[PDB]
Amino acid sequence: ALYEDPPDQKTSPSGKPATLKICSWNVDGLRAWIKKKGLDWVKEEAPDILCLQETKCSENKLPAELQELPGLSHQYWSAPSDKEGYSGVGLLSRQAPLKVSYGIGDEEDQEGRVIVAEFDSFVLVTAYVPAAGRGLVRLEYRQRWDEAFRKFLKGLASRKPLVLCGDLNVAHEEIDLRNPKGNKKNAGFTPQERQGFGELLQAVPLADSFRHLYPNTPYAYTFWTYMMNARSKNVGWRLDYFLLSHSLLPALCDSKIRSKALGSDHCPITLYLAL
DNA sequence: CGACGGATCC
DNA sequence: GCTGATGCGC
DNA sequence: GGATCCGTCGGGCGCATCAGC
Ligand SMILES: [Mn+2]
C-alpha cells in the first residue's frame, strides 16, 4: 500500500522547539546522486548536519558543488583505500565538531563505513553497515562486524548521549519491509541480522526514533530495489535509521522518511532534536 | 529481491 | 577523451 | 480451490577496468 509521511513535528513532547536537524542519505553513488539533483533537495531540507553513505567516491573526486555549501562547510570523508568505487561515508556540518574519527577502532583498516563526530551535547556516528550479500556469502562477516560495532558503540568513553544514523542494512521487524515471508533468507532480513539489530539496541543501549514515535506504522520504507518498479509500488525496506540514547528521547521531536526525494534507491531520513 | 511457477494446506 | 562491454556489488 | 508456502530466475543501477579508435 502507499505511505504518506506525517507532517514534521518540530516541537518536543515538553513543548521545546527543535534546535537540531540531521539528515541521513544512502546516495548510491555521490557523483551520480549530484547529477540527479540530490544537492538541490539537501538545500531545500536545510539540515544542520548531513550524513551520506555509499559515496563510492574518494575525496579528491568530490564534485565542486560540494564546496558551494556554506551552511554545511565542515566536511569529513572516508572511503575504502583498497575498494575504489564501493562504500564510502561522509559527514557535513554547519558547525565544526569538537572531534572527528573514522572506523570502529579495530577492523581489518580504511573500510570507509563509519564516521564518529563529537559535538557539545552529543556524539554522532554515521554508518554504512556491510551487506550480507547475494546468497548470504558475507553473512558471517556481517555477524562479526555487528559484534565489533556493538562493542565500539558501547565502549565510547564520552559520557555524552549517542545518535547513530545511516544504512544499518537490516529491516528489524516484519513491519520494516513489504515482503517479510519471502525475504527471511535474503540479506537484510535474516534472523542473524535481525538478532544483531536487537542486540545493538539492548547493548549500547539505543532506541529506534521512528518506531518509538510510530510503533504500529506499516508501509514506511527507506529503500526500494531499482528493479521491477518496486518504488512506484512501494515494495520496500526500512534500512535507514536514527537510533538514540534513552537520555535523548525527551529531546526527540520527530524522525522523518523523505519518500519523494529522488537520486538513489534509498530515500533520505531526517531527525529533529530539541537540544 | 520481486515475479512467478509449482507444491501444500486445510 | 569518449563510448560501450564486462565485472562486481547490491 | 483459494490461500499460503517456498524455491528458482532475470534483471536496474553505479562505478572500475579495458578495448577500440
Ligand atoms: Mn546500495
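To find a chain, count down the sequence lines: A is the first, B the second, and so on, and within it residues start at 1.
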When rounded to whole Å, the CD to P distance for the pair A/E54 and D/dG12 reads 18 Å
Note to self: Just so I know, are the side chains of A/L62 and A/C57 near enough to count as touching, which here means a heavy-atom distance under 4.5 Å?
What the structure shows: yes
The nucleotide from D/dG7, B/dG2, C/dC10 with an atom nearest the side chain of A/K185 is D/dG7
A/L66 and A/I34 have their tightest heavy-atom pair at CG-CD1, 4.0 Å
Closest of C/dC10, C/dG9, D/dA16 to the A/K56 side chain is C/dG9
Taken to the nearest whole Å, CG/A/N179 to P/D/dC6 is 14 Å
Q) Would A/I269 and A/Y214 show up in the same hydrophobic cluster when neighbours are defined by side-chain heavy atoms closer than 4.5 Å? A) yes
Looking only at D/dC15, C/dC10, B/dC1, the nucleotide nearest the A/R113 side chain is C/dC10
- Message: Salt bridge or not between A/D8 and A/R258? Use side-chain N to carboxylate O under 4.0 Å.
- Response: yes
Base C/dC8 paired with A/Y86 side chain (donor-acceptor, <3.5 Å)
yes
I'd like the P distance from C/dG9 over to B/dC1, given in whole Å. 14 Å
Rounding to 0.5 Å, atoms CD1 (A/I115) and CZ (A/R113) come to a distance of 13.0 Å
Would you sort out whether A/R238 and A/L177 count as a side-chain contact (heavy atoms from CB on, under 4.5 Å), showing the intermediate values? CA-CA 6 Å; A/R238 188 172 70 101; A/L177 84 165; over 6 Å; no
To the nearest angstrom, the NZ-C1' distance between A/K181 and B/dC1 comes to 17 Å
| query | According to a strict under-4.0 Å criterion, is A/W237 in side-chain N/O contact with OP1 or OP2 of B/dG2? | reply | yes
It should be established whether A/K184 places a side-chain nitrogen or oxygen under 4.0 Å from OP1 or OP2 of nucleotide D/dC6.
no
Closest non-hydrogen atoms of A/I175 and A/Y221, given as atom of the first, atom of the second and distance, are O-CE2, 4.1 Å
From CD of A/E193 across to P of C/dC10 the rounded distance in Å is 12 Å
- Message: For the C1' atoms, the ones on B/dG2 and on C/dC10, what distance do you get once it is rounded to whole angstrom?
- Response: 14 Å
In whole angstroms, the gap separating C1' of B/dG2 from OH of A/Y221 amounts to 13 Å
| said: Any salt bridge linking A/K184 with A/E174? Criterion: basic side-chain nitrogen under 4.0 Å from a carboxylate oxygen. | reply: yes
Whole-Å distance, A/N186 CG to B/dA3 P, equals 13 Å
Stems field, DNA chain B, Watson-Crick or wobble, 3.5 Å, at least 3 pairs, by first number, holds B:1-10 with D:1-10
Quick one: which protein N/O atoms are closer than 3.5 Å to N/O atoms of nucleotides 9-11 of chain D? Pair and distance per line, please.
| residue | atom | partner | partner atom | Å |
| --- | --- | --- | --- | --- |
| D/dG11 | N2 | A/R134 | NH1 | 3.4 |

Picking from D/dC15, D/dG12, B/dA3, the nucleotide nearest the side-chain atoms of A/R31 would be D/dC15
**OP:** With heavy atoms under 4.0 Å as the rule, sort A/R138 into base, sugar-phosphate or nothing.
**Re:** sugar-phosphate
A/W33 atom CH2 is separated from D/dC13 atom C1', nearest whole Å, by 17 Å
Any side-chain N or O of A/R178 less than 4.0 Å from the OP1 or OP2 oxygen of B/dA3?
-> no
For A/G90 and A/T55 the tightest heavy-atom approach is N-CG2, 4.1 Å
Heavy-atom nearest pair, A/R94 first then A/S73, reads O-OG, 4.2 Å
Open item on the list: Does a side-chain N or O of A/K36 approach OP1 or OP2 of D/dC13 to a distance below 4.0 Å, or not?
Closed with: no
Paired with A/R211, the side chain to side chain donor-acceptor pair (under 3.5 Å) test is passed by just one of A/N216, A/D176, A/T217, namely A/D176
- [ ] Indicate whether OP1 or OP2 belonging to B/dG2 is found under 4.0 Å from a side-chain N or O atom of A/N183.
- [x] yes
A/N26 CG to D/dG14 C1', in whole Å, measures 11 Å
